[PDB]
Amino acid sequence: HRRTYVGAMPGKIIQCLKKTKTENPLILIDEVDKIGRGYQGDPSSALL
Amino acid sequence: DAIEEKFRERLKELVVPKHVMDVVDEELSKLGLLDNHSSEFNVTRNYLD
Amino acid sequence: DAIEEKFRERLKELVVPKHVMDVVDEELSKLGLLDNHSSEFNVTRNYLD
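Analysis parameters
Residues numbered from 1 in each chain as written, not as in the entry; some residues may be left out. Chains lettered and ligands numbered in written order. Part of a larger assembly, values for the part shown. Heavy atoms only, no water. Axes fitted to C-alpha atoms, helices over the stretch in contact; angles between N-to-C directions. Helix = DSSP H or I, 4+ residues; strand = E, 2+ residues; numbered from the N terminus. Parallel < 35°, antiparallel > 145°, perpendicular 65-115°, else oblique. Left-handed = near helix turned anticlockwise from the far one by under 90°. Contact = heavy atoms within 4.5 Å. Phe/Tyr/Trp six-rings, centres within 6.5 Å; stacked < 30°, edge-to-face > 60°. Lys NZ or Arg CZ within 6 Å of the ring centre and 35° of its normal. 1 Å grid on protein atoms, 1.4 Å probe; cavity = no way out; pocket = protein on both sides within 12 Å on 5 of 7 lines; lining within 4 Å. Points joined across faces, edges and corners; volume = space filled by probe spheres on them. Nonpolar A, V, L, I, M, F, W, Y, C, P; charged D, E, K, R; others polar. Salt bridge = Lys/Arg side-chain N within 4 Å of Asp/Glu carboxyl O.

**Section: the packing of helix α2 (residues 18-33) of chain B against helix α3 (residues 39-48) of chain B**
Residue and element names in this part refer to chain B.
Step number 1: Where α2 meets α3, the axes come as close as 10 Å, and the angle between the chain directions of the two elements is 150°. Comparing the axis directions of α2 and α3 gives the class roughly antiparallel. The two elements α2 and α3 cross, and the hand of that crossing is left-handed. Across from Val24, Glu27 and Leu31 in α2, the residues of α3 making contact are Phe41, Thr44, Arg45, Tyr47 and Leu48.

Following this line, the structure appears as structure tokens:
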């Protein structure tokens, strides 16, 4: 989130980066087929 | 810390997963960072409960 | 400054881009202006962490 919303915390990727401590891990996106393509903001544009 | 510690002794009886352990504990840390007056803190308080 | 100093030795090992270097520097100073107890200081503290 923007960090200006109350309670904002960084997106998942930063958390994985925080955990693995490497710059070059092996991310494993799962189940791409069932990503939610709704009116509420399509993540599939975000993945690009 | 009164709510936090009654829930902490709660936590001490039930064997929480280490994942859920760190989640409840870091949420408790965010309780400590969040000011008591904020409605955001009331939401996280209700969440902790 | 103790928190910023553990941060700065941290940064002394890993080699940051000069971009994020200057960003953390101005945020570090912006933290340093901030009160030791202000709620926003806790926010920027957790953020700088």
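**Looking at unusual backbone geometry**
Step number 1: Even without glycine at this site, A:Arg3 takes up a positive phi of about 80°.
Step number 2: Mapped onto the elements of the fold, A:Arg3 is located in the segment before α1 (12-20).

**Notes on the packing of aromatic side chains**
Step number 1: All chains considered together, the criterion is met by zero aromatic pairs over all chains.
Step number 2: Positioned above the aromatic ring of C:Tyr47 is the side chain of A:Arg3, whose terminal nitrogen or guanidinium carbon lies 3.5 Å from the ring centre.

**Some points on the layout of surface pockets**
All names here are of chain A.
Step number 1: Computed from the structure, the second largest pocket encloses a volume of approximately 310 Å³.
Step number 2: In terms of lining, the second largest pocket is formed by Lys12, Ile13, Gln15, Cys16, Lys19, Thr20, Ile27 and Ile29.
Step number 3: Here the lining of the second largest pocket is built from residues that sort into four nonpolar, two polar and two charged.

**Here's the deal with the pattern of salt bridges**
Step number 1: Under the counting rule described, the total for this entry stands at four salt bridges over all chains.
Step number 2: Residue B:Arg8 is joined to B:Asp1 by a salt bridge in which the shortest nitrogen-to-oxygen separation is 3.9 Å.

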